[PDB]
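Chains as they are written, first to last, in the numbering used here: chain A, 65 to 122; chain B, -4 to 92; chain C, 100 to 202; chain D, 35 to 255.
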Amino acid sequence: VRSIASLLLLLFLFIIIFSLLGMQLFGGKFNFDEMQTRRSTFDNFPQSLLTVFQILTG
Amino acid sequence: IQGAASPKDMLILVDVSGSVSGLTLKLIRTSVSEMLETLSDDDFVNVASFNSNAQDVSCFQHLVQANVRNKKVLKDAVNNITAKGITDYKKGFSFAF
Amino acid sequence: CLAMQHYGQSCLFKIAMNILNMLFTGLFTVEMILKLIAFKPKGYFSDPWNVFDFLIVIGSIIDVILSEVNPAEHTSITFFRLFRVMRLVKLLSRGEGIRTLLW
Amino acid sequence: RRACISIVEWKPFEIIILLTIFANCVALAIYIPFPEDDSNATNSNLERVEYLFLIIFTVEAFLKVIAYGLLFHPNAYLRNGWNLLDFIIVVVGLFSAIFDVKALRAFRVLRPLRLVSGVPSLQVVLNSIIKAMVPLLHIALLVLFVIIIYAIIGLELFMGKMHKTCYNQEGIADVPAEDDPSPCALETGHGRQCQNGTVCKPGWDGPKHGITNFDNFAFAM
Ligand SMILES: CCCCCCCCCCCCCCCC
Ligand SMILES: CCCCCCCCCCCCCCCC
Ligand SMILES: *[C@@H]1O[C@H](CO)[C@@H](O)[C@H](O)[C@H]1NC(C)=O
């Protein structure tokens, strides 16, 4: 378990980096005048983690 | 709207700041012009707005009776509004009052 | 030269592309003749790579021949065009890690 | 002069610098990126806290670089540990000034990476992952070749053929008739023809925003 925890934690850091960068690049840039069908935005951190995870699982 | 209420002095404070960019602005511009239609000819109205500085969307600078015409100036000036800049409720309520 | 073609293409651009295509199929046909000189066809068609290149060369030259018609003026099968890109696969074989892994 | 700085790393402060890294990760999590220059109080405080973090990073930069030299301190995982501050120092050098400046902020998202530098039990597993990655570059090359070949074939075949859309024939409004437009092909060509009351005519609708069509070569890849 000492190595499963380490592997999962390194994965979590990778996801955190690609979510902070996600907010930096696409934070609040998803506002298009069309109806708000963009549920999977990058606005705040918890909604950025879900979007990065959704991209990850593709 | 005449029997149900007495003459008003409305003053709409649209919030054209950064955070309303997008769909929230399309609803503000729609909903403002859907509220100026509930004003008789014997009650006044103005349409301010604030994005860290409170101004008028139109060119009026005081209450303008909401005639068939005065409304058209306000509706056509609200529709041409854009989101920008931080939101400041203190300087935008100190302009409405 | 197969990569630059783009929708919204200049009339002169297509001509330049065709000139380059003729030049390159010419160099590959010269390859073919020179290789046949280096060893008779009995020694040529042993290697499948040279057979593949022969098919590419003949397809390209036949496409150049069929370009004689003008379906669309400077103002009809497409299959033999696709040989031109396919030759790139030969380049893939240069590496030996790739060759052994895929093989 | 260098002796005190040298014995500083003897003291286990590395825990406090790691806690600074963690506080930086948490300072970045709370920062809400409002759409157009909007901000709340929290984003205003986080910039002052950020000046604090630049201070506490530049200080340790001086300490660890004087005690290890210009030719040996970068000669490790510490390169970005300096790089990250360098550009972010530039951020201050520009933030007080005012452009392309705000995007420069993105570098501060690499600071969590410095965390895996601090603890070795994670550095070893990361090196294991990268070492396992190295043999797959042949698969990466094969996939690159497949993309190149198939994009070129798409260019040869699907060359900008996805623009003629089903507009309405009555001619008043030239917005595509269908709610979800799909690239049609007029008569004398194959594919789909329009319905009883529309015309399959050119334009630019075809696919979504013209992002996924085969026109260019960077669209085909
Ligand atoms: C259009 C499909 C592109 C992918 C091609 C698959 C592999 C092609 C090369 C196979 C031969 C490998 C080495 C042969 C050595 C005798
Ligand atoms: C290790 C604990 C870190 C927790 C957060 C550290 C930075 C927080 C500073 C700003 C907090 C938000 C409130 C701002 C004032 C209303
Ligand atoms: C709309 O507002 C902008 C704001 O600067 C102004 O330049 C423009 O002339 C306005 N247009 C109309 C039609 O009111």
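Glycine included, each C-beta is placed from N, C-alpha and C at the ideal position.
Taking CB distances under 8 angstroms as the criterion, tell me whether residue i reaches chain D.
i, result
"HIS173 of chain C", "no"
"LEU201 of chain C", "yes"
"residue 61 of chain A", "For chain A, the structure presents residues 65 to 122; residue 61 of chain A sits outside this window and is missing."
"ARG180 of chain C", "yes"
"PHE109 of chain A", "yes"
"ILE197 of chain C", "yes"
"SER1 of chain B", "no"
"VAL184 of chain C", "yes"
"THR124 of chain C", "no"
"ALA115 of chain C", "no"
"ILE76 of chain B", "no"
"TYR106 of chain C", "yes"
"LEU111 of chain C", "no"
"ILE79 of chain A", "no"
"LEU74 of chain A", "yes"
"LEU154 of chain C", "no"
"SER12 of chain B", "yes"
Comparing alpha-carbon positions, which option in the options lies nearest residue i?
i, options, result
"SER151 of chain D", "A:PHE109, A:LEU85, A:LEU77 and A:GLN111", "A:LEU77"
"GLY196 of chain C", "D:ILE173, D:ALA95, D:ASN247 and D:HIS197", "D:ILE173"
"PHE153 of chain C", "C:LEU165, C:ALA171, C:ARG193 and C:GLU130", "C:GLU130"
"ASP10 of chain B", "B:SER1, B:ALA0 and B:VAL27", "B:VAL27"
"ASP51 of chain B", "B:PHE90, B:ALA0, B:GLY(-2) and B:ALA(-1)", "B:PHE90"
"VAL73 of chain B", "B:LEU31, B:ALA0, B:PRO2 and B:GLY(-2)", "B:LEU31"
"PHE55 of chain B", "B:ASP36, B:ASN46, B:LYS70 and B:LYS21", "B:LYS70"
"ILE206 of chain D", "D:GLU190, D:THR76, D:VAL233 and D:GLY240", "D:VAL233"
"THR54 of chain D", "D:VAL93, D:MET196 and D:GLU212", "D:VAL93"
"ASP36 of chain B", "B:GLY87, B:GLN(-3), B:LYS21 and B:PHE92", "B:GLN(-3)"
"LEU84 of chain A", "D:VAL159, D:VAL143, D:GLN157 and D:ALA254", "D:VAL143"
"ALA43 of chain B", "B:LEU20, B:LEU58, B:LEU22 and B:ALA0", "B:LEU58"
"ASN48 of chain B", "B:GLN60, B:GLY80, B:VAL68 and B:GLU29", "B:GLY80"
"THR33 of chain B", "B:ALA0, B:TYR84, B:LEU18 and B:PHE92", "B:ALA0"
"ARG148 of chain D", "D:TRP238, D:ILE186 and D:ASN117", "D:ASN117"
"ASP4 of chain B", "B:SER53, B:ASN41, B:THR82 and B:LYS66", "B:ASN41"
"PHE45 of chain B", "B:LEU8, B:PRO2 and B:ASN65", "B:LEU8"
"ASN120 of chain C", "C:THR177, C:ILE160, C:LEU133 and C:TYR143", "C:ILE160"
"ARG36 of chain D", "D:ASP134, D:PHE106, D:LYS98 and D:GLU204", "D:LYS98"
"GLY125 of chain C", "C:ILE164, C:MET185, C:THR174 and C:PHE151", "C:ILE164"
Please decide whether residue i counts as near chain A, where near means a Cβ-Cβ distance under 8 angstroms.
i, result
"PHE121 of chain D", "no"
"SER28 of chain B", "no"
"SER16 of chain B", "yes"
"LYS79 of chain B", "no"
"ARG113 of chain D", "no"
"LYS70 of chain B", "no"
"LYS66 of chain B", "no"
Measuring straight from C-alpha to C-alpha, what distance separates residue i and residue j?
i, j, result
"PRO108 of chain D", "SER73 of chain D", "37 angstroms"
"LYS189 of chain C", "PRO147 of chain C", "11 angstroms"
"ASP107 of chain A", "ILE49 of chain D", "32 angstroms"
"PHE68 of chain D", "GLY13 of chain B", "7 angstroms"
"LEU89 of chain A", "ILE66 of chain D", "12 angstroms"
"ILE23 of chain B", "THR246 of chain D", "34 angstroms"
"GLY223 of chain D", "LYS198 of chain D", "11 angstroms"
"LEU170 of chain D", "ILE164 of chain D", "10 angstroms"
"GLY86 of chain A", "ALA171 of chain C", "47 angstroms"
"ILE132 of chain D", "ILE90 of chain D", "24 angstroms"
"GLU190 of chain D", "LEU181 of chain C", "7 angstroms"
"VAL60 of chain D", "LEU128 of chain D", "24 angstroms"
"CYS100 of chain C", "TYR106 of chain C", "15 angstroms"
"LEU75 of chain A", "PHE88 of chain B", "48 angstroms"
"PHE138 of chain C", "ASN161 of chain D", "52 angstroms"
"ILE187 of chain D", "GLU98 of chain A", "35 angstroms"
"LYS45 of chain D", "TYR111 of chain D", "21 angstroms"
"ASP249 of chain D", "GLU167 of chain C", "25 angstroms"
Across which residues does DSSP place residue i in a beta bridge pair?
i, result
"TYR85 of chain D", "Paired residues: none, contrary to the question."
"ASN202 of chain D", "D:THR232"
"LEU8 of chain B", "B:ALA43"
"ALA49 of chain B", "B:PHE45"
"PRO210 of chain D", "D:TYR201"
If you measure from the CB of residue i, is any heavy atom of ligand 4 nearer than 7 angstroms?
i, result
"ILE81 of chain B", "Here the bound small molecules are ligand 1, ligand 2 and ligand 3; ligand 4 is not part of this structure."
Would you say residue i faces chain B, with C-beta separation under 8 angstroms as the test?
i, result
"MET87 of chain A", "no"
"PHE96 of chain A", "yes"
"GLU70 of chain D", "yes"
Does any residue of chain C have a CB that is nearer than 8 angstroms to the CB of residue i?
i, result
"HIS224 of chain D", "no"
"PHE192 of chain D", "no"
"residue 283 of chain D", "This structure does not reach residue 283 of chain D, given that chain D is present from 35 up to 255, and the question cannot be answered."
"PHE179 of chain D", "yes"
| field | For ligand 1, residues whose Cβ lies under 6 angstroms from any non-hydrogen atom | value | C:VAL188, C:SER192, C:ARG198, C:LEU201, C:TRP202, D:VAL180 and D:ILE183
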